[PDB]
Structure formats: C-alpha cells, structure tokens
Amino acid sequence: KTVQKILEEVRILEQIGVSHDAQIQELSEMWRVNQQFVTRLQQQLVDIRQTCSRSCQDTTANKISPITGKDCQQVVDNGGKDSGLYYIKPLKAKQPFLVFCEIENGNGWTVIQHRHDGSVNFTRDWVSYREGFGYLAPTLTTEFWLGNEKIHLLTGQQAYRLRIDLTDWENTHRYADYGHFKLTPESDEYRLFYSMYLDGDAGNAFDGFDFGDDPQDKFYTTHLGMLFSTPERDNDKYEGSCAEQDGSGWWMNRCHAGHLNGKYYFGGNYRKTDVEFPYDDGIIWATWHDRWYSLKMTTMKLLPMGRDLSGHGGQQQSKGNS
C-alpha cells in the first residue's frame, strides 16, 4: 500500500513544482525591472548631482548699481535713477565705498545716518563711529552710521545741504535743513560745522534748546562747533561724560538738544528708571518733541549745497499717495 501511495503523493510534488518554476520565473522578472529601475536611478543621480551644483543668488549684491561719482548727486548725473545702493568715491577718498542714494526729482541725496527699528546698538567706540557700522539694504529700511571719515571727506569735496528727516510714532514727518554742514578732520576730532539753519518744520535743535531746567540750557545744548564724542572718548563741555552716560556717538556739548544716535525706545514716550543715568538717552529733537520722547524713524542725508529743491509743500496732509 505504501507503494501505491507514492503514486499520487509524488504526482503532487510534481504538480506543485510547476508553480515553483512559475514563481522562480517571477523572481527573475522582478529582479530585472529592479535592475532596470536601479539603473534608471543612477541616471537620476547625475541630473541631480548637477542641477544642485549651482549656488544661491545674492539678490542684494545683485541690486548694487555699477554707476559711480563723487557723491549720489554725481551718481544721478552719470545715470543713477532709482534709490538704492551705489558705490561713490569722494575726493581724497582712498577706497570708494557703498552708500544708499535717495534719488527723487533729479536729486541724488547721499545718506549718512538712519534709525528705523532699533535693531542696531549705537553705543559704539571711536573707530566704529569713524569706520562706520550698521547695515545697508536696497531699501532705506536698515540702520547705520556711514562713518565719520566718509562724512568728513564727503562734506569736504564741496558744500552740502544737510537734511534731517524725523518721524514720530504717529508716523508724522518733519525735517530740518542746515547749509554747508561739514565735519572737520579727525585731528580736530570731528567738529560739527554748518553755516546755519536754512529752514524746516521740525525745529532748530542744533542751536540748543531752552529746556527750562536752567537759564543756560540752550547755550549748553547747542551743537554748532561741538566736537564728536564716543562712550570711551570724552570731548564734551561736561565735567562728566555725556556720550558714556547716554551710550552714543554724537556732538555732545553740555550734552544735547538733538540726539539722533540715542537709544531706540518703542512708542516714543520713555522713562529713566533702569540703570543709574537718569538722563535722556533717547532719539530726541527737542524743538519738536521733548527729551523723553524718542523718535520712531530718523535720517540724515546730504545734497550738494548748489541745487534747487524747494517743493516739499507741507502744511496739512495731502502728503501721501500710496
């Protein structure tokens, strides 16, 4: 009986194998489609190795104009049209440098300083204030101080008009114009010099202010003729150090009436209470708001003292398109 059972049993082990050869065949095909794919990838491997060899585009570098000149005005003359980054090169300038040009109505204002949000600490040293610090961008929305040497050499070439743009926290704007503004060389420190205050609706802060604390306030807060001073280099008219007390680089007299490089305070109104220097260290311009109101945005720009301008209208609003 164990003989007749080897008939079907076996016959089964044979009918099964058929599948096994129908399966071993399957394993082959797949293995190929695979080896086919694996190869299709090796291919996709190079296209990728390559398309990813290129590096990012510097869109800022990309927007720095090739146009040049003594200043931003020459830059307009020689072509400049849109406000932005240009490389200018003043007279004794030993190495040309990057600056923001504010081009409007054929006017090429070369920008010197600009406060905007408070992202840059302005408590800096003498070299920092002379070599310059802060940042530059395709749009005047960054904070910087061009550098005292650059401002010296610049206001040295020819006569420049200095316009100071002030904006408070209600986004109200006001300016102040000083003609023949210029800085003496580092030898004389960096004395602030201007012929006089031309005009402006902000007030004449550079000519001191009657704060009301003492009859001598205006005389002691006038900046005309003052020497520059940083927190580690005192050149004021104070027994103490205005710059160190106020953590800034400005033309301190018996301190200040206008302090555009002061500490940034959001909201305008600010109090002392903190460390121990119960004195106004904000971004002020006393002829408009008072010592404990720091301006929201600020800008100091230069334009050749030999232009035209005169077309700011002013008065009521109407000022504002888009």
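A residue's number is simply how far along the shown sequence it sits, counting from 1.
Here 234-242 and 74-82 are compared by their mean Cα B-factor, and 74-82 comes out higher. The deposited model assigns a higher average Cα B-factor to 53-61 than to the other stretch when 283-291 and 53-61 are compared. Considering 297, 38, 255, 260 together, the PDB entry gives 38 the largest C-alpha B factor. In the PDB entry, a CA B factor belonging to the highest third of its chain's modelled residues is recorded for residue 94.
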